[PDB]
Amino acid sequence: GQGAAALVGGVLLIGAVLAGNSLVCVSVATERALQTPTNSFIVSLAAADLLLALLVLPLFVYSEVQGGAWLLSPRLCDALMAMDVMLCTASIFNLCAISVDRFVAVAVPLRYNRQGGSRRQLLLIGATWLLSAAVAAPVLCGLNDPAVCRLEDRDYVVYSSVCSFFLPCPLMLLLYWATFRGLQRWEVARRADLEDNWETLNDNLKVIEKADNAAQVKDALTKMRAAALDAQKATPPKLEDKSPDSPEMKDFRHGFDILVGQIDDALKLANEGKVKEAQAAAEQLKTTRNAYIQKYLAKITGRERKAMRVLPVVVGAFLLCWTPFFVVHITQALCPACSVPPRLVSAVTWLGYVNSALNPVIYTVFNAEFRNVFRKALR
């Protein structure tokens, strides 16, 4: 009765965690549009969820069929609980790492000399996992004084409730808040104008790629030049009060000067009838914007802020799913006499674990790139 619901519910939960989260990892692996700094953390979150389904949920379900009785070794129980605590902590610490990472990307504009990221996200992810293991490590040493698998050490439970949850949460919330406000300060008033300029650039690079002749190339380059110059005049509020002589204003203007200079050289070539050379100059121009310009066009048009919309939904769902769990557990640990109904302890646990099945759904619905890869699984 109570056992059959756990079994069916558990097999369905485990199936849904493995299915959804493997499809996330494979998608980041197969689709170039998904290989971003942010999605490195999303893969880390997927790993945490896959590991939960592999290492924790099966014996959790088995436990639930036995009505919470634990018939196996007490050392195995300790091993399970330490893994339980670590994976929970790792999910939270990774949501925290995202907000730290995104705040820094926003607050600290950097341009590298060489190809690729710094892999600082990977280092931060490594740090996140080692920190989660550090929080969980004492559980492995055996904290209990029976036939059930529970954390009975009240000081440990309060400690981890605070470190793993009640402390990261407000800080994470403050950081997401600062991050979103930071980006907004970069978004120009005349968004649609700058989007037009941006489309002119991309549409005409494609016209150039397939041109029949030099005049088409020259016409396309001429439009690009005008759009580059317009875009150059779209100043973000972030730099509005910055003087014309400011080294941050001198930066801004410069990226567009390099661009206009490249367009001019391609123009000279097209004008002389050198189609292939003009097309190569323009392709070489698809790489100068690939880093210097386009990164911060997505920023100043509001695209970047829009693409971050999936993150609060993920954070939100995590808070909905785990807040009841941590309120129940810290209460019990602080106040033995504050009796929580066992059926509710069971409920908030399942609620916590079902979070692990939710993120793949959240990405599919609320993020455009993920939604896109998904919707072309119609093959």
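Residue numbers run from 1 along the displayed sequence.
Asker: If you count the residues of the deposited sequence that sit between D145 and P146 but have no coordinates, do you get none, 1 to 3, 4 to 9, or 10 or more?
Answerer: 4 to 9 residues lack coordinates between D145 and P146.
Asker: Which is higher in the entry, the mean Cα B factor of 125-133 or that of 178-186?
Answerer: Higher mean C-alpha B-factor: 178-186.
Asker: If you average the CA temperature factors over each stretch, which comes out higher, 86-94 or 302-310?
Answerer: So the stretch with the higher mean C-alpha B-factor is 302-310.
Asker: Which one, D155, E240, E272, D219, has the peak C-alpha temperature factor per the PDB entry?
Answerer: Highest C-alpha B-factor among the listed options: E240.
Asker: Check the PDB entry and point out which of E195, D78, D101, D230 has the largest C-alpha temperature factor.
Answerer: The C-alpha B-factor peaks, among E195, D78, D101, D230, at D230.
Asker: Should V61 be placed in the lowest, middle or highest third of its chain by the C-alpha B factor in the entry?
Answerer: Its C-alpha B-factor belongs to the middle third of this chain's values.
Asker: How does the C-alpha B factor of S164 compare with the rest of the chain: lowest, middle or highest third?
Answerer: Tercile = lowest for this residue's CA B-factor.
Asker: Based on the deposited C-alpha B factors for this chain, I'd like to know if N367 is in the lowest, middle or highest third.
Answerer: Answer is highest: the recorded C-alpha B-factor places it there.
Asker: Sorting the chain's modelled residues by C-alpha B-factor, tell me whether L297 ends up in the lowest, middle or highest third.
Answerer: CA B-factor rank for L297: highest third.
Asker: With respect to C-alpha B-factor, does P324 fall in the lowest, middle or highest third of the chain as deposited?
Answerer: As the PDB entry reports it, the C-alpha B-factor of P324 lands in the lowest third of its chain.
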